[PDB]
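Observations on chain architecture
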Amino acid sequence: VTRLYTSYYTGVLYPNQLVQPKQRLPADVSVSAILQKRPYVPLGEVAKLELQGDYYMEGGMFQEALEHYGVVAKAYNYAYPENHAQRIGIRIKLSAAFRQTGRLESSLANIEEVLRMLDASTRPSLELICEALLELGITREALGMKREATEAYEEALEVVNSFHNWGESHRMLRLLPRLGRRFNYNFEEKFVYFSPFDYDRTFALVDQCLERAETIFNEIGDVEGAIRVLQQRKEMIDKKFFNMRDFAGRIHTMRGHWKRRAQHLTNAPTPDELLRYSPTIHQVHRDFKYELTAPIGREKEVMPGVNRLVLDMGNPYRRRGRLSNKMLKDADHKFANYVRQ
Amino acid sequence: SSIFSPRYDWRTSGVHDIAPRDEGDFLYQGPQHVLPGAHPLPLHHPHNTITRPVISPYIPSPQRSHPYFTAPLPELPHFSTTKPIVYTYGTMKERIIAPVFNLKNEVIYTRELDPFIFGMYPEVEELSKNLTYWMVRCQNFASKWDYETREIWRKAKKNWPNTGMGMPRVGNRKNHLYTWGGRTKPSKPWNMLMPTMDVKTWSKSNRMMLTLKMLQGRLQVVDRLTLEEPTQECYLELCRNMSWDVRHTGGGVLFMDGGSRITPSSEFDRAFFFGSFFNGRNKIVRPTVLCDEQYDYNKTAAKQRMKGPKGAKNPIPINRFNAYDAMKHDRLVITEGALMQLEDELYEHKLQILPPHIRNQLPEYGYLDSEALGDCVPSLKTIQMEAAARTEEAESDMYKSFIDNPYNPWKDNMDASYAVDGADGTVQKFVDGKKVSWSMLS
Amino acid sequence: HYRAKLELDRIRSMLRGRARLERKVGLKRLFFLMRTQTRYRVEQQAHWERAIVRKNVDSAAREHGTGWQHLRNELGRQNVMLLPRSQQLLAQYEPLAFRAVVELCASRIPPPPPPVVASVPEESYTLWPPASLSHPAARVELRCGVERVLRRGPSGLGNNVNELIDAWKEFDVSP
Amino acid sequence: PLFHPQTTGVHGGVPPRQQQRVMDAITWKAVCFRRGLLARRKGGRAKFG
Amino acid sequence: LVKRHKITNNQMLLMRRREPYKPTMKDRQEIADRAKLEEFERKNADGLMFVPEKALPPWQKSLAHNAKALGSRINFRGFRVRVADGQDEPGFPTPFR
Amino acid sequence: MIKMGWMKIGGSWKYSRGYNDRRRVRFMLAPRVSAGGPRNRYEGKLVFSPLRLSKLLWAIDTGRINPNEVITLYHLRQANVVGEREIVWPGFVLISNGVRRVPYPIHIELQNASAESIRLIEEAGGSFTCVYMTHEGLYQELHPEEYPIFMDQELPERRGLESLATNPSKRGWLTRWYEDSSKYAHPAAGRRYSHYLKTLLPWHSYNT
Amino acid sequence: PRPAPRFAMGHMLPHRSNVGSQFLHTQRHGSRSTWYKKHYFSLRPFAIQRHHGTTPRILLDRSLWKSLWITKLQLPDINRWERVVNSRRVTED
Amino acid sequence: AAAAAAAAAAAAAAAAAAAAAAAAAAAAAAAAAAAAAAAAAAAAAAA
Amino acid sequence: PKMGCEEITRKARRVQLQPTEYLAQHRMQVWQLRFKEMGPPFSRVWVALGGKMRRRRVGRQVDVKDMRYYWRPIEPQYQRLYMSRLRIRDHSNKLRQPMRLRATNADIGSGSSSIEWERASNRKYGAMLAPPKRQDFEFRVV
RNA sequence: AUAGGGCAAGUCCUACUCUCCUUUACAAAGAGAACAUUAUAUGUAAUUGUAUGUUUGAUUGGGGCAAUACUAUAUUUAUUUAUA
RNA sequence: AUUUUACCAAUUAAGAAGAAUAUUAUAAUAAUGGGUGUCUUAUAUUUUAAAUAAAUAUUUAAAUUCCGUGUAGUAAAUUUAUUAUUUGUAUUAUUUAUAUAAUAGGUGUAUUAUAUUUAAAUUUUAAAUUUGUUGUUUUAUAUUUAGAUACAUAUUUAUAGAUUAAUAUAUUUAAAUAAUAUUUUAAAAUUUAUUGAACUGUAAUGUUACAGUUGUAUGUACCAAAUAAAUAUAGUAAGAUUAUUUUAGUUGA
Ligand SMILES: NC(=O)c1ccc[n+]([C@@H]2O[C@H](COP(=O)([O-])OP(=O)(O)OC[C@H]3O[C@@H](n4cnc5c(N)ncnc54)[C@H](O)[C@@H]3O)[C@@H](O)[C@H]2O)c1
């Protein structure tokens, strides 16, 4: 049959709907160091206001966006504790609204306070700090500090490169093409594609920041800076694609074998994780206390026994007969001499 | 069971005794705690360098295309390859240089390795082809015999009428329905299959497996594999000195004996071959990766009394190098003679694989200097090949005064004159008016 | 052919005599029982249960002078969305609340007016720009949103709609 | 209705299973009658007479 | 057997035909025949083009080539072999004739 | 199953009988054109395997065939431009499939060739000889190793003499012999002698 | 040329079924695929191994290679427990 | 598919539009005869 | 069976390797005579003569112009049946193209090309196809 | 007493076939007589037997095709054919 | 003084060599019929014949022909050879037994419809057969076990047309050369070879003689007999056919 969807249709569950945990900067690093290198509140209504403000931003009604963000920031400041992710995020949005409206000094002050709050916080969101750096760069560019805006863009680039996982976004989205079992029809599932620009917002933020840095370099007339920033952007996209890459399994139609879905969708390691933690670079700790067989030199570090004696090498032919056993009398002695000391 | 079946979780208690053991059971302190065996990747064999150490200059990191040396370091007398190296499709395009050990476990020099042999990047499909062929070929087909209805030894006569008795209509009850009965189409050795392998696929898969071992760092080049005495105690002492774990649960060693650099041999060294017969896991294989073109004379059931599986009648011998043995045995040991023989036997195949716009350049760069034409002094060969060549040289004298001279055949092919005899309906040769052709007998 | 052999042999202990003793008889009986219970659940259990709930609500209505028919129609008219299960629960455990609902239905209290349709403010038709400021329609919408925010609950943001609307001036910095 | 009209010429339009039961009963009766007849013709005992 | 289908509502249980908006078998045959006839008439709207020798089916091309082989090797205009397997005469004038 | 597709091994066998029927395992209205049928490969029929002139030129260009030598079926086989599957008697026929010119002279000896291919070779300046052979001749050419002496080569059959061996159009190698007259004149001149138009020890002595 | 059949590998000896291959080696007539499965409800023996398909590298008394289970041979001393430690047959209490 | 869909639409239109046909005696459809509109004894009020 | 069965205790019979069928068993002479296949490899059709295949009395059919020599493809159903009879030789290998109605040079020479026949010099390069060799000057059969 | 315990069966009329009988035809035995060649055979074998198998699907028919194209002329015509 | 209602419950850990010079295939070197508790006597203990057979054959062509029942020396004494109780339990793999038994003293009801304890409701075989889809037909006591074969996949050495009836012609694009298989149970069967006259039926005077193209209704308790061998167009008889949680087109042409 064919479906018209004239009536309500429940969206089908799909692996792309996994709740992805946002990347968080480590707890042993300082954003300030990098730079220098609950009361009840109708959060539903304030979220409605924030969404309306985002729509105004997209529509170019920057004054209205700023007005809505003012109320949203007031509510978040009252509700959440100091140095909170929601508070810093709404301050980022408010700074963007101020910059778009024209209050460049106000936007600069707000983004500076955002950076201060990020420094004060612990384990700040990588995406959030990248967006804050992008907003600071745009504000500096508007002020006319092209060099400082480019410096902010480069700082965001290095931060993401040093504290971002480029494969985690498509960990569960890389083996989706293997689900498809039909080739003549419904083969769009064999080529299902998920855009990194949509499934990794940090990547999109950094891409935009590098594009702006390249534009600033071109305006200034610099060549080396533009070349390096464009090359780094290309390398970033290459990392994302590489992590997204995979070969093709069954191509033509497959009947049955629906239980293969469990194999198809798993915690399949991404290329980056595989290369990082290959069995040899990231060695496996093997404690012989819980193991029987141990290397020749460490034969004494084996799981302890009450009172054990070595019988023989376990030669299966021993059971057969007198001559068969006689053909192996010295095997145990020779093995003992081999393993001596 | 199946993950989706209710049986997968129908058991909800009793699996674990809530009281832990007082011997080794511990708690999870936190992320700082290093747990044995824990690893983010699904390692079905979670070994480390301590368990099964790798014999290579470097641990095979992703930063390095291969654990072995990439340049001829000046600390050692680097040796080039026996034959010139041409990078064919599938080769790593990188220089492979590995250190050569001696019987004392200490490096003596370094040696170049041919990318076509140890540089062909492995591919799982080809490796699986090789593994499946080996697994199917290494069965005991003689033990796959089962009885048959016509072999059940029961009277050939209806045991009772169709309707008279009152039981199901059964006559000559030799059928599978009865416990004593047999099968209409049972399994027989002559009905089983022995797959036919192609020389090309076999060579490609074996070289891929060698490259896989090289990448994993399990490869080791040894100058010689000779023992002082042909006993087993000497072999065990050599293994101990070289740090070879030939125990049944140590990792294992595969040996391509061949020969030394100066005297490659196709036959196993006598003393080492005698002393290598040890219970522990340790395999000795020939220095070749090719295989004789398999054939099947009984490709159809022409010989009804053939008590052998359908398919190739020339299966790969057991001692031949194979993916199964390469995977089972942890470390691989290859001698200089083995490397020489491999390069010698694969040079022609590599050159033939090369495309034409490079084939034409081969002689220009000097990769086709034929010793037969005097272009270069004769190349080094195994003991047996050199002996055969010397025998040929000595015997070449007698082919001098005879017309059937293999070295100089049809010497008078030009000065002779060809005539056509219509009456005889033939064509004949004449030299100075004498008929030189031969009227073939029939 | 698959049958729930292993799954049903487990509960085979719940039968009597021959079925509980002999595997085949018990498995057949359990298979039949499972299938019949499935059919009953999917085609008669809901009908029986909701008929029972209907009868309980009807008996409560009769005791209060009404009946299920008029009670249901008047609940629909008054727009009181109490499912029959909820009505039964209220009648059994909160007789005073059920009587209050019946009194509401009986009384000539005007039922709630129908939902309103979205109204376009005159500010939308107001020209902008007339020939740094905000669109009057957007300002009206923001005021309505702030009013909803304040009326949703006793939040500490304050009841001053103008103060909330002027919030962005708090974060603004004078040049 | 007939069993398999396409094979009525072979099985009389009756299921062989029903035919199998009918022939089983009739063959039992016929075997008993034949044993009795042999006994009568040979002197009360088939093998012996 | 009957192809059972996963239901999405009791209306699918009540449904007998999987595709109610599809003509029954006889109407399908009628519609297919009408469509094929219309397509054939559209194809034949123009006359019957007299395709050359090389365009004839495999079982006429070689026969015609062999029939006219001698004329091909000795070139002179006005040589036509009246073969039998060639395309049949339409009976009316056509643009390609 | 025939009418239901792939069914699980579990059950549901009742509605499948054609499957079991297949498991247990018009011409009369058409006339016979000839006793042996159309395109009958009767013994002695000249059914040549194609040899694309384009393929031969590609082999020459790549370098598997030396232009400086007179190409023969043995040379083609050794160069591996043809496989043993397509070496059946009478042999190969040269076909000019998609070739308009031959840039350089080529000297070939095949068992037959098309008029267009012969014309192209001659125009380019090479030569072609239709070396029609019997089975013995073909085998000897492909395996000269087995014949240390020039075994008497039987002349082809009457069909070969008429069609290829003595055909000026095909450059038959017996055209000259057929055209000769002394062989008809006297038995002594029956055969006319023809001649070609006018170490190998791998071990050498090392010299410094 | 044709890749060797993956079912011909000795990794499975299934019970004869309706679907198979002329070269598919199924279990003999009157024999069960899994040796310990005398009955569908029988359990897998614990610590008793039946080596199958090849000659074992290490053979324990408690295991089976080509004989049956007899206490006096499979269990010489009941109080002793055999195991494989450092590629040797080692017995503890 | 376009031709088949057009033919199906035409067949549906033909089989669903002309619900009833005027009696042949009054006017023969096969002879191209048609009946005009007789509004003599009609009314204008919206009855 | 079971080990303690006299059926297997005694030796009744033993079966050999069952003989195989002729490779071209299903290539039928009736087809080889009536029909002939022609066309591209994936669009080849079998054709047969078209006309009245009947014998009349002496004076019935007079105008030979009515009877003309031409080929028309056989019915696709019968062509499918015959191609199936050609396919059934090797069913597992979907990659193997159906057998040809009339053997060609490659099909005839493949057998000789195989190694076991590669050594057999008497059957290589169309030995049977080629005309007979000339017999000896003196030949006797007694 | 009911169910279970094999049963589309009984009579009657029509139609067709089988069994059976017979001979002058058909196939076909075996056997034998006679014949040719010089007490045992070979080669033919129209008699006989008829043991035996058959002996109501006729489209292996009927129709239509009839050298003398083309351009042209003449005669005749059962009232528009016929012939060169 | 007297006395404890009726009914209703359940299978599991196995005590001991009560399982191996074992079961099947596997050895290409022996061999005048193996017969112990045997143990003179040889008119009386003779099996030979130019044939498809205990000797067993590497391909698709052509070809007789009313469904083409089909392929040659590969090396010439050349190693494809009919093997064989131990100088490895011979080796390698494979298969394997139902001897054996305290189990509980009462969760549901007690005027009748059926497991899940709040009482009710629901409930009253399965498989095949039946295409007029059944109320037709057949099978199933239960426990455990035995029980049925269409290769879901082709990595560099590498090279692949057509076409005429025939001669002949050949302007003119591909390709992973691979074969061996094909449910299962069951036909009134027929064929080959052999025995039976102690039953029965004759002739002879209990015994002898005559036997399955057949002796005199019968020929040893199924006369289209009995015994031994066999897998016939098993097809246009029938039955059975081992893998749940599924993921796409038409329901009488
Ligand atoms: N006759 C054929 O059909 C045929 C087929 C293929 C190859 N050949 C080759 O032709 C040549 C002669 O064949 P033929 O049939 O005319 O005679 P032939 O085969 O009957 O040979 C007869 C004698 O010639 C000897 N002989 C053969 N080759 C010899 C050689 N190189 N050196 C010394 N003695 C040799 C043989 O030992 C033998 O004694 C052989 O070399 C053969 O390889 C012949």
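What counts, and at which threshold
Residues numbered from 1 in each chain as written, not as in the entry; some residues may be left out. Chains lettered and ligands numbered in written order. Part of a larger assembly, values for the part shown. Heavy atoms only, no water. Helix = DSSP H or I, 4+ residues; strand = E, 2+ residues; numbered from the N terminus. Rg over C-alpha atoms; globule rule 2.2 N^0.38 Å. Buried < 20%, exposed > 50% of the residue type's maximum accessible area, 1.4 Å probe, protein only. Areas by Shrake-Rupley, 256 points an atom, 1.4 Å probe, with all protein chains shown as cover. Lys, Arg positive; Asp, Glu negative; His and termini not counted. Charge placed at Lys NZ, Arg CZ, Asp CG, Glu CD. Pairing = 2+ DSSP bridges. Near = heavy atom within 4 Å. Polar contact = N/O pair within 3.5 Å; in protein donor to acceptor, adjacent residues only side chain to side chain. Nonpolar A, V, L, I, M, F, W, Y, C, P; charged D, E, K, R; others polar. Contact = heavy atoms within 4.5 Å. Arc of directions from axis to C-beta. Axes fitted to C-alpha atoms, helices over the stretch in contact; angles between N-to-C directions. Salt bridge = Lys/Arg side-chain N within 4 Å of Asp/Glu carboxyl O. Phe/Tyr/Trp six-rings, centres within 6.5 Å; stacked < 30°, edge-to-face > 60°. Patch = residues over 30% accessible without salt bridge, like charges linked within 9 Å, V, L, I, M, F, W, Y side chains within 5 Å. Core = buried A, V, L, I, M, F, W, Y, C linked by side-chain atoms within 4.5 Å.

**Focus: the overall build of chain F**
Regarding its fold elements, chain F presents eight helices and seven strands. Here the C-alpha atoms of chain F give a radius of gyration of 27 Å, more than 25% beyond the 17 Å that 2.2 N^0.38 yields for 208 residues. With respect to the principal axes defined by its C-alpha atoms, chain F has extents near 85 × 65 × 40 Å. Counting only residues that meet the buried cut, chain F has 38% of its 208 residues in that class. Per element, the accessible surface of chain F, about 13,000 Å² overall, is 52% carbon and sulfur. Positive and negative side-chain charges in chain F, numbering 29 and 20 respectively, have mean positions lying 16 Å apart.

**Remarks on the pairing of strand β1 (residues 96-101) of chain B**
Residue and element names in this part refer to chain B. Within β1, six of the six residues are buried, which leaves the element mostly enclosed by the surrounding structure. Between the antiparallel neighbours β1 and strand β2 (residues 107-113) lie five residues, among them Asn105 with a positive phi of about 75°. Direction of pairing for β1 relative to strand β4 (residues 219-222): parallel, over a ladder of two bridges. Paired with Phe101 across the bridge in β4 is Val222.

**Here we look at the site of the ligand**
In the vicinity of the ligand, the residues found are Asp404(B), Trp438(B), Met440(B), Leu441(B), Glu146(F), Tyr147(F) and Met151(F). Each of chains B and F places residues near the ligand. In this structure, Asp404(B) approaches the ligand through a side-chain N or O atom, which is 2.7 Å from a nitrogen atom. A distance of 3.2 Å separates an oxygen atom of the ligand from a polar backbone atom of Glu146(F). Burial of the ligand by the surrounding chains reaches 38%, relative to a free accessible area of 760 Å². Within the shell around the ligand, the residues separate by chemical class into five nonpolar, no polar and two charged.

**Some words on the arrangement of the chains**
Considering only C-alpha positions, the minimal separation of the non-contacting chain C and chain D is 24 Å. Where chain D comes nearest to chain F, the C-alpha atoms are still 14 Å apart, and the two do not contact one another.

**A look at helix α4 (residues 68-78) of chain C**
Residues and elements named next belong to chain C. Every buried residue of α4 is accounted for by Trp68, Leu71, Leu75 and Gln78. Buried residues of α4 fall within an arc of 105° about the axis and therefore sit on the same side. Exposed and oriented more than 90 degrees from the buried face of α4 are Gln69, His70, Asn73 and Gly76. Check the buried side of α4 and you find it contacts α3 (23-63), α5 (84-93) and α6 (95-106). Among the residues trailing α4, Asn79 stands out with phi positive, at a value near 70°.

**Structural notes on the sheet that holds strand β2 (residues 88-92) of chain G**
Spatial ordering of the open sheet is given by β1(A)-β2(G)-β1(G), a layout of three strands whose pairing is antiparallel. With partners counted over all chains shown, the strands left at the sheet margins are β1 (309-312) of chain A together with β1 (81-85) of chain G, one partner each. Neighbour-to-neighbour, the strand axes of the sheet open up by a mean angle of 40°, direction not taken into account. Bridge count between β1(G) and β2(G): five bridges; the pairing is antiparallel. Following the sheet pairing, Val84(G) is matched in β2(G) by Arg89(G).

**Regarding the interface of chain I and chain F**
Interface size is commonly expressed as the accessible area that is lost once the parts come together. Contacts between the two partners involve 38 residues from chain I and, on the opposite side, 34 residues from chain F. The tally of links from chain I across to chain F stands at zero salt bridges. Where chain I packs against chain F, one counts twelve residue pairs in polar contact. For the side of chain I that touches chain F, the element with the highest residue contribution is helix α4 (residues 105-113) of chain I, accounting for seven residues. For the side of chain I that touches chain F, a count of residues per class yields 21 nonpolar, nine polar and eight charged.

**Observations regarding the pattern of salt bridges**
Counted according to the given criterion, the structure contains 65 salt bridges over all chains. Between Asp61(G) and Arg318(A) there is a salt bridge, and its shortest N-O distance comes to 2.6 Å. Taken as a pair, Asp61(G) in the segment before α1 (71-74) and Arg318(A) in the loop between β1 and α13 (322-326) lie in two separate chains rather than in one. Each member of the pair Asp61(G) and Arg318(A) is classed as buried. Each of the salt bridges in this network shares a partner with another, and the network as a whole consists of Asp312(A), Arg318(A), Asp61(G), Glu82(G) and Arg89(G).

**Overview of the sheet that holds strand β8 (residues 331-335) of chain B**
All names here are of chain B. Ordered in space as β2-β1-β4-β8-β5-β6, the six strands form an open sheet in which the pairing is mixed. A strand with exactly one partner marks an edge of an open sheet, and here the two such strands are β2 and β6 (282-285). The average undirected angle you get between the axes of adjacent strands in this sheet is 30°. Judged from the four bridges that link them, strand β5 (residues 253-256) and β8 form a sheet pairing that is parallel. The residue bridging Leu254 from the neighbouring strand is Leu332, located in β8. Here helix α3 (residues 199-216) sits on the sheet in contact with β1, β4 and β8, set at roughly 110° to β8.

**Looking at the packing of aromatic side chains**
Residue and element names in this part refer to chain B. Tallied over the entire structure, the rule returns 44 aromatic pairs over all chains. On the basis of an interplanar angle of 20° and a centroid distance of 5.7 Å, the ring pair of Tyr178 and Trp180 is categorised as stacked. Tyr178 sits in the buried class, given a relative accessible area of 16%. A relative accessible area of 22% means that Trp180 is categorised as partly exposed. A ring pair is formed by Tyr235 and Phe272, whose centres lie 5.7 Å apart and whose planes are at 70°; its orientation type is edge-to-face.

**Focus: the environment of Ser107(C)**
All names here are of chain C. You can see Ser107 is positioned in the loop between α6 and α7 (122-125). Among the residues examined, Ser107 registers a relative accessible area of 23% and is labelled partly exposed. Separated by 2.8 Å, the side chain of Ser107 and the backbone oxygen of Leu104 make a polar contact.

**Some details on the protein's contact with RNA strand J**
Residue and element names in this part refer to chain I. Around RNA strand J lies a shell of 14 residues, among which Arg54, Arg56, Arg60, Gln61 and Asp66 are the nearest. A share of 32% of the atoms of RNA strand J within 4 Å of the protein falls on sugar and phosphate groups. The contact in question runs from a phosphate oxygen of RNA strand J to an N or O atom on the side chain of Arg60, over 2.5 Å. One of the side-chain N or O atoms of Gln61 is found 2.8 Å from a base nitrogen in RNA strand J.

**Some thoughts on a positive patch on the surface**
Together, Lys52(I), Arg54(I), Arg56(I), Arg57(I) and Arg60(I) line one region of the surface with positive charge. Relative to the helices and strands, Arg54(I) is located in the loop between β2 (45-49) and β3 (71-73).

**Things to note about the nonpolar core**
In this structure, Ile65(F), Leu76(F) and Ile108(F) are the most contacted members of the largest nonpolar core, which totals 40 residues. Residue assignment for this core shows that the elements contributing at least two residues are α2 (53-62), α3 (73-79), β3 (92-95), β4 (107-110), α4 (115-124), β5 (127-130) and α5 (135-142) of chain F. Broken down by element, this core gets its largest block of residues, five residues, from α2(F). In this structure, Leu25(A), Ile92(A), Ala132(A) and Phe217(A) belong to the second largest nonpolar core, which totals 37 residues.

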